[PDB]
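Peer 1: Kindly generate the corresponding structure for this input.
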Amino acid sequence: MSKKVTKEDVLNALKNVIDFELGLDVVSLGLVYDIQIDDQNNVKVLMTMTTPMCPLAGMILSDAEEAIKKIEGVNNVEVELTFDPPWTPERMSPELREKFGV
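Peer 2: Numbers count the residues shown, from 1 in each chain. For reference, the structure is listed below:
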(Lines give C-alpha, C1' and ligand atoms only; values in the text may rest on other atoms or scores of the structure.)
Protein backbone atom coordinates (compact mmCIF):
# COMPACT_ATOMS: atom_id res chain seq x y z
CA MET A 1 0.00 0.00 0.00
CA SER A 2 2.55 2.56 1.25
CA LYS A 3 3.32 1.75 4.92
CA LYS A 4 0.41 -0.53 5.96
CA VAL A 5 1.39 -4.09 6.97
CA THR A 6 -1.27 -6.86 6.64
CA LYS A 7 -1.96 -10.31 8.13
CA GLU A 8 -1.13 -11.75 4.69
CA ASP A 9 2.47 -10.43 4.98
CA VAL A 10 2.71 -11.38 8.68
CA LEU A 11 1.86 -15.02 7.79
CA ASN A 12 4.28 -15.11 4.89
CA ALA A 13 7.00 -13.59 7.10
CA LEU A 14 6.27 -16.17 9.82
CA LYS A 15 6.57 -19.04 7.23
CA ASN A 16 10.38 -18.47 7.48
CA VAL A 17 10.71 -19.32 11.19
CA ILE A 18 11.16 -23.07 11.71
CA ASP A 19 11.24 -24.65 15.10
CA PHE A 20 14.46 -26.67 15.29
CA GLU A 21 12.52 -29.43 17.17
CA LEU A 22 9.68 -29.83 14.62
CA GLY A 23 11.05 -28.89 11.16
CA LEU A 24 7.95 -26.93 10.09
CA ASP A 25 7.00 -23.27 10.35
CA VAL A 26 4.18 -21.89 12.55
CA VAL A 27 1.73 -21.43 9.61
CA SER A 28 2.42 -25.09 8.70
CA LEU A 29 1.71 -25.99 12.36
CA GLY A 30 -1.37 -23.70 11.84
CA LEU A 31 -0.79 -22.20 15.36
CA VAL A 32 -1.65 -18.54 14.57
CA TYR A 33 -5.29 -17.76 15.51
CA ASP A 34 -5.94 -13.99 15.09
CA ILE A 35 -3.75 -11.47 13.27
CA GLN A 36 -4.84 -7.81 13.44
CA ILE A 37 -2.77 -4.86 12.30
CA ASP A 38 -3.74 -1.35 13.36
CA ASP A 39 -3.31 1.70 11.09
CA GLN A 40 -0.18 2.26 13.26
CA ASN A 41 1.20 -1.15 12.05
CA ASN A 42 0.91 -2.50 15.55
CA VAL A 43 1.07 -6.09 14.33
CA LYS A 44 -0.93 -8.04 16.93
CA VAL A 45 -1.19 -11.77 16.78
CA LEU A 46 -2.97 -14.40 18.84
CA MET A 47 -0.23 -17.00 18.28
CA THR A 48 0.26 -19.77 20.85
CA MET A 49 2.51 -22.84 21.22
CA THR A 50 1.34 -26.43 21.06
CA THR A 51 2.36 -26.97 24.70
CA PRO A 52 3.80 -24.98 27.68
CA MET A 53 6.96 -27.18 27.30
CA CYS A 54 8.95 -26.83 24.02
CA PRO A 55 12.74 -27.59 24.16
CA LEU A 56 13.87 -23.90 24.30
CA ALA A 57 10.47 -22.17 24.55
CA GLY A 58 11.65 -18.57 25.11
CA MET A 59 14.00 -18.66 22.11
CA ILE A 60 11.16 -19.96 19.88
CA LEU A 61 8.90 -17.10 21.09
CA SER A 62 11.68 -14.63 20.23
CA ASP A 63 12.25 -16.31 16.80
CA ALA A 64 8.61 -15.79 15.76
CA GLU A 65 8.90 -12.18 16.99
CA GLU A 66 12.17 -11.93 14.95
CA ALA A 67 10.32 -12.72 11.69
CA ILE A 68 7.53 -10.36 12.71
CA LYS A 69 9.93 -7.41 13.38
CA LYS A 70 11.63 -8.15 9.97
CA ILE A 71 8.50 -7.01 8.05
CA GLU A 72 9.88 -3.43 7.50
CA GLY A 73 6.56 -1.72 8.34
CA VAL A 74 5.85 -3.49 11.68
CA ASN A 75 6.12 -0.39 13.86
CA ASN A 76 5.09 -2.26 17.03
CA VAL A 77 4.69 -5.93 17.92
CA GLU A 78 1.80 -7.02 20.18
CA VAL A 79 2.66 -10.73 20.50
CA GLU A 80 0.15 -12.15 23.02
CA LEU A 81 0.68 -15.76 24.28
CA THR A 82 -2.80 -17.23 24.76
CA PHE A 83 -1.96 -20.56 26.41
CA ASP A 84 -5.48 -21.20 27.77
CA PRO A 85 -7.06 -22.99 24.76
CA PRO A 86 -6.21 -26.48 23.40
CA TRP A 87 -4.18 -25.61 20.22
CA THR A 88 -5.03 -28.58 17.83
CA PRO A 89 -2.45 -31.33 16.79
CA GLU A 90 -4.19 -31.85 13.41
CA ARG A 91 -3.38 -28.24 12.30
CA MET A 92 -0.15 -29.66 10.82
CA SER A 93 0.06 -31.32 7.38
CA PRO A 94 -1.96 -34.59 7.35
CA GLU A 95 1.26 -36.33 6.16
CA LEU A 96 2.68 -35.44 9.58
CA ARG A 97 -0.25 -36.89 11.56
CA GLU A 98 0.71 -40.11 9.74
CA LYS A 99 4.44 -39.43 10.45
CA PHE A 100 4.35 -38.43 14.14
CA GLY A 101 1.37 -40.65 15.09
CA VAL A 102 -1.67 -38.53 15.92
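Peer 1: Please enumerate residues in contact with the lengthiest helix in the chain?
Peer 2: With DSSP state H applied, the helix covering the greatest number of residues in the chain is identified as helix 57-69. Under the criterion C-beta atoms under 8 Å, 6 or more residues apart in numbering, residues 10, 13-14, 16-17, 19, 26, 43, 45, 47, 49, 54, 74, 77, 79, 81 lie in contact with helix 57-69. Backbone N, C-alpha and C define where each C-beta goes, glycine included.
Peer 1: change it to 10 Å
Peer 2: Helix 57-69 is contacted from outside by 5, 9-10, 12-22, 25-26, 31-32, 35, 43, 45, 47, 49, 51, 54, 56, 74-79, 81, using C-beta atoms under 10 Å, 6 or more residues apart in numbering.
Peer 1: What pairs with the helix or strand harbouring residue 45, parallel or antiparallel?
Peer 2: Here residue 45, judged by DSSP states H and E, is contained in strand 42-47. Strand pairing for strand 42-47, determined by DSSP bridges: strand 35-37 (antiparallel), strand 76-81 (parallel).
Peer 1: Reformat these as TSV; add mean neighbour count and distance to residue 94.
Peer 2: Formatted as TSV, those follow (neighbours: other C-beta atoms under 10 Å; distance: least, C-beta to C-beta, whole Å):
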stretch	mean neighbour count	distance to residue 94
strand 35-37	18	24
strand 76-81	13	27
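Peer 1: For residue 101, find the nearest of the ones you listed.
Peer 2: Set against residue 101 and scored by C-beta to C-beta, those come closest in strand 76-81, at 27.2 Å.
Peer 1: What is the subsequent helix or strand relative to the closest one?
Peer 2: helix 94-100.
Peer 1: buried ones in that following helix?
Peer 2: Buried positions in helix 94-100, judged by neighbour count with 16 or more other C-beta atoms under 10 Å: residue 96.
Peer 1: In this structure residue 12 contacts residue 35, no?
Peer 2: No: applying C-beta atoms under 10 Å, one finds residue 12 not in contact with residue 35, separated by 11.1 Å.
Peer 1: Which neighbours do these two have in common?
Peer 2: With contacts taken as C-beta under 10 Å, 6+ apart, the residues that reach both residue 12 and residue 35 are residue 6.
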